[PDB]
Amino acid sequence: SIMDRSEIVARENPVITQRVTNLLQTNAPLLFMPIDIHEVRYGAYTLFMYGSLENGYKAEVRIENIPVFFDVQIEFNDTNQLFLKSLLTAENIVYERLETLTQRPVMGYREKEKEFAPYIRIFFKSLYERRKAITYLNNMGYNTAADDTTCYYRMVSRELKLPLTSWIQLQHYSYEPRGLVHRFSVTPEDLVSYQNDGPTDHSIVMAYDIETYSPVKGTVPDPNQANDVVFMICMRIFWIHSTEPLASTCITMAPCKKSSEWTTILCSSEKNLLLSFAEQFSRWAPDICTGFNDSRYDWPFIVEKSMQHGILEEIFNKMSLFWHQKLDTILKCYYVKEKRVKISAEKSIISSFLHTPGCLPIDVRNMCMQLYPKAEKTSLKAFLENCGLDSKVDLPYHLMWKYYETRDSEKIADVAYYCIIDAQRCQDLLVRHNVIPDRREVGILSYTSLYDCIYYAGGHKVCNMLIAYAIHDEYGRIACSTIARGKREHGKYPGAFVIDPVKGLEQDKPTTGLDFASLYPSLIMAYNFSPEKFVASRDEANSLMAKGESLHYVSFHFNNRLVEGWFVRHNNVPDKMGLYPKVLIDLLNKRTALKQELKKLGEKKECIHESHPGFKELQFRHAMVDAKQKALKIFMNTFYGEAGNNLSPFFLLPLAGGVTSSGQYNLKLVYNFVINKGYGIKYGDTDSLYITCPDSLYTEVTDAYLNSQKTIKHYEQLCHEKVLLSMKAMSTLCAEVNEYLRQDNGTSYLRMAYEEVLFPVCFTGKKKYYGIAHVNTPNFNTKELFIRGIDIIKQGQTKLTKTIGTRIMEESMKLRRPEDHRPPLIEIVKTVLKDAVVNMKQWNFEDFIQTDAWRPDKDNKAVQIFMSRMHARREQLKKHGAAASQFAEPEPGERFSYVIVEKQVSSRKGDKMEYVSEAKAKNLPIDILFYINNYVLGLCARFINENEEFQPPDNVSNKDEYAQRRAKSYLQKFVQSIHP
DNA sequence: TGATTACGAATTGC
DNA sequence: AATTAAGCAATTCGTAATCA
Ligand SMILES: Cc1cn([C@H]2C[C@H](O)[C@@H](COP(=O)(O)OP(=O)(O)OP(=O)(O)O)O2)c(=O)[nH]c1=O
Ligand SMILES: [Mg+2]
């Protein structure tokens, strides 16, 4: 009415607008960039793409004549063709035509003279008949290729070499201008991808938020009940790579003062507000729609209110660019309820939204959680202050209630300001973390749409990339399937190897750790762990060796059974390399380049002091590059992870077994080689290996120091020299080890890498060590203390244990001279524990709060009694009549904080748990002895495990557990003795 | 009534 | 007329059942 998309994009980019108008009039090739994808199942299959032109115009491009087909193996016999077509038509399925071709299977190894196998491809119209035919043929027991039953645009993208998340060049099109949209009709032989670097791109993203009200005190509004009401919606538009806005709108009910920044629309009813929201959405036509926590509170609220008022059809049809749809179809198809999104290996979240064609909905909270999966606080303030942005953009709810009760224009203006800022913060986060281009690159690399890049995990991306590389091979075309097959067994196969540490504190010999770089991918490259190079029979392996090939033998144990196999090597020939090695080789170069850039950035940063204003930006850029290379690393490891997954089409147990066995063999070989040279090895884990230097290297500096006055500065100089010679010797040792490995295997893929020097160091057990880190130059007056799994870095831990652990750890590394007093670890632990238990007046009501997750599906024992107790208390409170919202159950999958108090006359956790607010209201003094005896004793016993008096005789097998029990008992007796 | 054990759940390190 | 989801090794706590 006042300002639409076309006028804005013409005002912003006039020259590009004039250019695009000229090309449209002349009917010249254009550029297009997609965001959203939609397709039709019944009837003729046409693919819909919604996106942007160069200047900013919104366009929709429909592709017709996309072939629909799928492949089966069988044979070329005409009798087979007739039999298959008779079977297919016997179940009321209509097909178009049949074709024959030749392809190489993916499973098994064949010689050159019998490599190619026949295939029959069946064509179809509409996806429904194709899916039914695939299911029927697979159930009948026929091998099939292609085989993508869930989504079909992935197959189109991987077959036509047309990324759905990049620029596309339009040639020889049909054009029709309809209102604000530009209908484009194309044909697959048209198009093609844009190889060069495209322009800056111009897409529109709208961030929105809402504010609601309820008449009953202290309750979150619920759409199901009457009254309540949603009473403000504010929205703002932006480019895809910019923070400055283009337009902003506020829709409200109560009167408010006019503001120069935004436009205000005044309604007089709840229906009017939703209608105006839909109208403004239709006029702007966002390409992306965003809001914070909108998938759990906002969208269901609007949808439920609309159904209550019965205006869902109008809103959906005005927002959507697709054709008319009825209410039942909207409810069944375009309204998603309870969708599962994966965050970590043991976490998931539930999302629900409304999907209008022509716009993609994105939740900022999901992206932030996926970026930082180990964060206890998951609110806007926490994520906003983590990245370095300005926090404190929130408003109390009671103040909002009072302001709505008063019905004053200034208060409504203030709440409008706050919700506008809330809308802005989402775009701030999205631009700061650079989210959309990263997912864009992932989709380009994996041949997948952006919706999948936002709402899905990485296994299917791996499968799609493997199939895409297989079908485009230089020496043929390889057929791959997506449907899993074979019997599913329960169990685990052996893997990894950990070396028993020489426990204790080392303050005289520097220790250096060397590890393999990309161990498992390198093993795959070196030994050809590929499905097409696998031999299962012994006779075949014997014959292949007789002819003159080279094979790798694998054997291990699984479920009281021997698993045995062979693989074929490539002896440094490009023609003989497998498919997994090709993909991993292509992926490794990107990580190498990013690592070089990271090293250059670190070198540049090392020359800048902390006081310079530019230090924070350099730190941020360094962190982002590190995150990118870690993201590549996890994607690379997902290949091995999926190779052993029981639900994937690429399941092959011998591959994973051989990978793990070869890792163990290489680690043991390097261990023996280093031992037989005079060095001492203190630790090992999977690939990392920690070594110490001989005693003859430091003779000169030792003799020089022994003839001096023996002051502290002299010992500091001696330590500096020790570390320098340690690095100098370790470089040569690494070079010799790499040469030995290269001679052993015959290939340069496997290689060891230098990390750092740890001096002084302490090993408290398996997977538990700490020390001071030296990278390139010695430096001792630092506070960083490495730390790897010392139980003070976990999630559900109180501040008390962290403080005690830090106090103990930072005291054992103070660089004491040999001639001075060198105190053991036991006295440090005892002194810290005694100063903790005694003098308890140093702890406040902040060191005892601990957080835990509430998962109803999981059983647990302690939380499920606390929940029942709170439910009974709530029922008792509601009986007489009182407020009971203080004891509301947390949302499933979320974490809650709690404290432990004293219960009079029990003796169980869960009968003493209380909420933080309830405890603060009613004092409820804390039991400190419970915290001590249940949490500090284990850590303190782990520190002093190494001592001799706790050791078992030679008969006991598991010495570590026995020693831990004895240390815990000894410390328990000590703590009972010091203060009853 | 005490000591000991077994199994699920939680969380880190590769 | 409906559907996701990489692997294993190692330690620590918490409650109920069985054993002297
Ligand atoms: C981190 C990680 C490792 N692993 C396994 C496979 C790896 O080969 C093995 C050891 O990996 P690391 O030695 O931790 O790392 P890397 O060798 O892959 O790379 P870099 O040295 O540059 O850090 O751990 C997984 O299976 N999944 C994972 O998520
Ligand atoms: Mg490594």
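Values reported hereafter were calculated over all heavy atoms of this structure, with side chains retained and with hydrogens, waters and symmetry mates removed. Just so it is clear: chains get the letters A, B, ... in the order the sequence lines come, proteins before strands, and each one is counted from 1.
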Visitor: Base, sugar-phosphate, or nothing for A:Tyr455, non-hydrogen atoms under 4.0 angstrom?
Guide: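 Counting heavy atoms under 4.0 Å across all strands, no contact is made by A:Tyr455.
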Visitor: Ring centres of A:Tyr153 and A:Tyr451 under 6.0 Å apart?
Guide: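 Ring centres of A:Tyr451 and A:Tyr153 not closer than 6.0 Å.
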Visitor: Rounded to whole angstrom units, what separation is found between the CG atom of A:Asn860 and the P atom of B:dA10?
Guide: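 Interatomic distance, CG of A:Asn860 to P of B:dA10: 6 Å.
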Visitor: Between CZ of A:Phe316 and CG of A:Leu354, what distance do you get to the nearest 0.5 Å?
Guide: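 Here the rounded value is 6.0 Å.
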Visitor: Across all strands shown, which nucleotide pairs with C:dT4 by Watson-Crick or G-U wobble geometry, both distances under 3.5 Å?
Guide: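 Looking at the geometry, C:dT4 pairs with no nucleotide.
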Visitor: How are the rings of A:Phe763 and A:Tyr769 set relative to one another: parallel (under 30°), tilted (30 to 60°) or perpendicular (over 60°)?
Guide: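 Aromatic pair A:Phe763/A:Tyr769 classed parallel.
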Visitor: Please pick, from C:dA6, C:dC8, B:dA9, the nucleotide with the shortest atom-to-atom distance to any side-chain atom of A:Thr638.
Guide: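 The listed nucleotide nearest to A:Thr638's side chain is C:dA6.
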Visitor: In terms of side-chain heavy atoms of A:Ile793, which of B:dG13, B:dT11, C:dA6 is nearest?
Guide: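 Selected nucleotide (nearest to the side chain): B:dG13.
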Visitor: Assess whether atom NZ of A:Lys799 is packed by more than 12 heavy atoms of other residues, nucleotides or ligands within 6.0 Å.
Guide: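 No, NZ of A:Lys799 has 12 or fewer neighbouring heavy atoms, counting only those of other groups under 6.0 Å.
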Visitor: Taking the minimum atom-to-atom distance to the side chain of A:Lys492, which one of C:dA16, B:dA9, C:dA9 wins?
Guide: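 The listed nucleotide nearest to A:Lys492's side chain is C:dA9.
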Visitor: Within the structure, does a side-chain N or O atom of A:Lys633 lie under 4.0 Å from either OP1 or OP2 of C:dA6?
Guide: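 For C:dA6, neither OP1 nor OP2 has a side-chain N or O of A:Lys633 closer than 4.0 Å.
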Visitor: Check the phosphate of C:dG14 against A:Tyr935, side-chain N and O only, distance under 4.0 Å to OP1 or OP2. Yes or no?
Guide: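 Answer is yes, contact under 4.0 Å.
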Visitor: If the cut-off is 4.0 Å, is A:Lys342 near the phosphate of C:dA5, judged by side-chain N/O to OP1 or OP2?
Guide: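 So the side-chain polar atoms of A:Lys342 never come under 4.0 Å of the phosphate oxygens OP1 or OP2 of C:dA5.
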Visitor: From C-beta outward on A:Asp685, which listed nucleotide comes closest to its side chain: C:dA5, B:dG13, B:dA10?
Guide: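 Per side-chain heavy atoms of A:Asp685, the pick is B:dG13.
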Visitor: Is C:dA5 a north or a south sugar when classified by the sign of torsion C1'-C2'-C3'-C4'?
Guide: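 Positive torsion, so north.
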Visitor: Could you work out which one of C:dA5, C:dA10, C:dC8 sits closest to the side chain of A:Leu647?
Guide: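 The nucleotide sitting nearest to the side chain is C:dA5.
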Visitor: Determine: side-chain N/O of A:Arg942 to OP1/OP2 of C:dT12, distance under 4.0 Å, yes or no.
Guide: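 Checking A:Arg942 against C:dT12: at least one side-chain N or O falls below 4.0 Å of OP1 or OP2.
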Visitor: Just to be sure I understand the rule, does A:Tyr456 reach a base, reach only the sugar-phosphate, or reach nothing, if contact means heavy atoms closer than 4.0 Å?
Guide: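 Sugar-phosphate contact only - A:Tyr456 comes under 4.0 Å of backbone atoms but never of a base.
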Visitor: Between A:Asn646 (CG) and C:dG7 (P), how many Å, whole number?
Guide: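 Result: 9 Å.
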Visitor: Of the nucleotides C:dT12, C:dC13, C:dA5, which has the atom closest to the A:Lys968 side chain?
Guide: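 Shortest atom-to-atom distance from the side chain points to C:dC13.
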Visitor: Within less than 4.0 Å of OP1 or OP2 of C:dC13, is there a side-chain N or O belonging to A:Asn934?
Guide: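 Indeed not, no polar side-chain atom of A:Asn934 lies that close.
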Visitor: Anything under 30° is parallel, anything over 60° is perpendicular, the rest tilted; go ahead and classify A:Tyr970 against A:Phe950.
Guide: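 The rings of A:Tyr970 and A:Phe950 sit tilted, inter-plane angle from 30° to 60°.
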Visitor: Across all strands shown, which nucleotide pairs with B:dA9 by Watson-Crick or G-U wobble geometry, both distances under 3.5 Å?
Guide: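 Base partner found: C:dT12.
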Visitor: May I have the distance from A:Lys909 (atom NZ) to C:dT15 (atom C1'), rounded to whole angstrom?
Guide: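 Rounded to whole Å, this separation is 12 Å.
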Visitor: Angle class for the A:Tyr898/A:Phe896 ring planes (parallel below 30°, perpendicular above 60°, tilted otherwise)?
Guide: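 Tilted.
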Visitor: With a non-hydrogen cut-off below 4.0 angstrom, is A:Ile634 in contact with a base, only sugar-phosphate, or nothing?
Guide: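 Touches nothing.
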Visitor: How close or far is atom P of C:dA10 from atom OH of A:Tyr769, stated in whole angstroms?
Guide: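 That distance rounds to 15 Å.
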Visitor: Does A:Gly641 reach a base, just sugar-phosphate, or nothing at all? Heavy atoms under 4.0 Å.
Guide: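 Since a base atom lies under 4.0 Å of A:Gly641, the category is base.
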Visitor: As a test of reading torsions: judging only by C1'-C2'-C3'-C4', is the sugar of C:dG14 on the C3'-endo (north) or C2'-endo (south) side?
Guide: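 A south-puckered sugar, given its negative torsion.
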Visitor: Considering only side-chain heavy atoms of A:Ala862, which listed nucleotide, B:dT12, C:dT12, C:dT15, is closest?
Guide: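 Of the options given, the side chain of A:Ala862 lies nearest C:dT15.
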Visitor: For B:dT11, does either OP1 or OP2 sit under 4.0 Å from a side-chain N or O belonging to A:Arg895?
Guide: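 For A:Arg895, the contact criterion (side-chain N or O under 4.0 Å from OP1 or OP2 of B:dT11) is met.
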Visitor: Starting at NZ of A:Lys503 and ending at P of C:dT11, how long is that distance when rounded to a whole Å?
Guide: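 The answer, rounded to whole Å, is 10 Å.
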Visitor: So what does A:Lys332 hit on the nucleic acid, given a heavy-atom distance under 4.0 Å: a base, only sugar-phosphate, or nothing?
Guide: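 Base, at least one base atom sits under 4.0 Å.
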Visitor: Under 4.0 Å: is that the gap between some side-chain N or O of A:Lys374 and OP1 or OP2 of B:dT12?
Guide: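 So the side-chain polar atoms of A:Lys374 do come within 4.0 Å of the phosphate oxygens OP1 or OP2 of B:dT12, strictly under.
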Visitor: Taking only side-chain nitrogens and oxygens of A:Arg965, does any of them come within less than 4.0 Å of OP1 or OP2 of B:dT4?
Guide: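 Looking at the OP1 and OP2 atoms of B:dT4, neither is under 4.0 Å from any side-chain N or O of A:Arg965.
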Visitor: With respect to the side chain of A:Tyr42, which nucleotide from C:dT11, C:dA6, C:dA1 is positioned closest?
Guide: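 Closest nucleotide among those given: C:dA1.
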Visitor: Is A:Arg131 near enough to C:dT3 that one of its side-chain N or O atoms lies under 4.0 angstrom from OP1 or OP2?
Guide: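 True: A:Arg131 side-chain N/O within range (under 4.0 Å) of C:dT3 OP1/OP2.
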Visitor: Expressed in angstrom and rounded to an integer, what is the separation of A:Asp687 atom CG from B:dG13 atom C1'?
Guide: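 After rounding, the reported distance stands at 11 Å.
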Visitor: In this structure, how many angstroms lie between the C1' atom of C:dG7 and the CD1 atom of A:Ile524, rounded?
Guide: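 For the pair A:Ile524 CD1 and C:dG7 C1', the rounded distance is 12 Å.
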Visitor: Tell me which nucleotide among C:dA16, B:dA9, C:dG7 gets nearest to the side chain of A:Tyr493.
Guide: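 Nearest to the side-chain atoms of A:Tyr493, counting from C-beta on, is C:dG7.
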Visitor: So what does A:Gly644 touch, heavy atoms closer than 4.0 Å: a base, only the sugar-phosphate, or nothing?
Guide: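 No contact.
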Visitor: Describe, in one word, how the ring planes of A:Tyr935 and A:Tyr931 are oriented to each other, choosing from parallel (under 30°), tilted (30 to 60°) and perpendicular (over 60°).
Guide: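 If you compare the ring of A:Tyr935 with that of A:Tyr931, the planes turn out tilted.
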Visitor: Is any side-chain N or O of A:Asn645 closer than 4.0 Å to OP1 or OP2 of C:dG7?
Guide: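 Yes.
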Visitor: Please determine if A:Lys461 forms a cation-pi arrangement with A:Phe635, meaning its NZ or CZ atom is less than 6.0 Å from the six-membered ring centre and no more than 45° off the ring axis.
Guide: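 Not flagged: A:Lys461 not positioned over aromatic ring of A:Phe635.
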Visitor: Side chain of A:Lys767, heavy atoms from C-beta onward: which of C:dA10, B:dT11, C:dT4 has the nearest atom to it?
Guide: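 For A:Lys767, the side-chain atoms sit closest to C:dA10.
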Visitor: Quickly work out the A:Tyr931 OH to C:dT12 P distance and round it to whole Å.
Guide: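 Nearest whole value for this atom pair: 21 Å.
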Visitor: Does the side chain of A:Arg855 get closer than 4.0 angstrom to OP1 or OP2 of B:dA10 through an N or O atom?
Guide: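 True: A:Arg855 side-chain N/O within range (under 4.0 Å) of B:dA10 OP1/OP2.
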